[PDB]
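Trainee: Residue numbers (this note's numbering): 6 to 94.
Backbone N, C-alpha and C define an ideal beta-carbon position, used for all residues, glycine too.
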Amino acid sequence: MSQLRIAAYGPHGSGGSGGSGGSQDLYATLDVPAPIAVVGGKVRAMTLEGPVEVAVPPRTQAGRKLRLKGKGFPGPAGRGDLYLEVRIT
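(1) Got a sec: is the Cβ-Cβ distance from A39 to anything in chain D below 8 angstroms?
(2) Using the beta-carbon count (16 or more within 10 Å), is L73 buried or exposed?
(3) Would you tell me roughly how many angstroms separate the C-alpha atoms of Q29 and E54, rounded to the nearest one?
(4) From what residue to what residue does the alpha helix (DSSP H) around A39 run?
(5) Assuming contact is defined by CB atoms lying nearer than 8 angstroms, are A42 and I11 in contact in what I supplied?
(6) Measuring CB to CB, does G77 end up less than 8 angstroms from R84?
(7) Apart from the five residues on each side of it in sequence, which residues of its chain come closer than 8 angstroms, Cβ to Cβ, to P56?
Here is the structure:
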């Protein structure tokens, strides 16, 4: 119905609520193999609900974090950003 919405990989500044970061932003390690990283697909991410399938976009490169705005916890600026740490295996 609703997966972790990937607001990353579209660097486009405009008149909207982006900022330099979210409120309670958190880095969560995202394991992705080299094939699924380049072509895109799905991977197993760690969540409090258990292992979820995150639909990975194409072009995905090691060391880049998928900043998923609003997927972090609420705070001063509104909600935090969930950075999925692309680990190409």
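Mentor: Once the coordinates are examined:
(1) Note that chain D does not occur in the displayed structure, where there is just one protein chain.
(2) Within the sequence shown, residue 73 is the residue found at index 68, counting from 1. Under this definition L73 is a buried residue.
(3) What you label residue 29 is simply residue 24 of the sequence shown in a count that begins at 1. What you label residue 54 is simply residue 49 of the sequence shown in a count that begins at 1. Straight-line Cα distance between these residues: approximately 19 angstroms.
(4) Start at 1 with the first residue of the sequence shown, and residue 39 comes out as number 34. It spans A39 to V44 - the alpha helix (DSSP H) in which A39 sits, taken as one unbroken run.
(5) Here residue 42 is taken as the residue at index 37 of the sequence shown, counted from 1. Here residue 11 is taken as the residue at index 6 of the sequence shown, counted from 1. For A42 and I11, no; Cβs fall outside 8 angstroms.
(6) On the sequence shown, position 72 is the one that residue 77 refers to. On the sequence shown, position 79 is the one that residue 84 refers to. Yes, Cβ-Cβ distance for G77 and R84 is below 8 angstroms.
(7) Residue 56 sits at position 51 when you count from the first residue of the sequence shown. Within the same chain, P56 has close Cβ partners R49 and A50.
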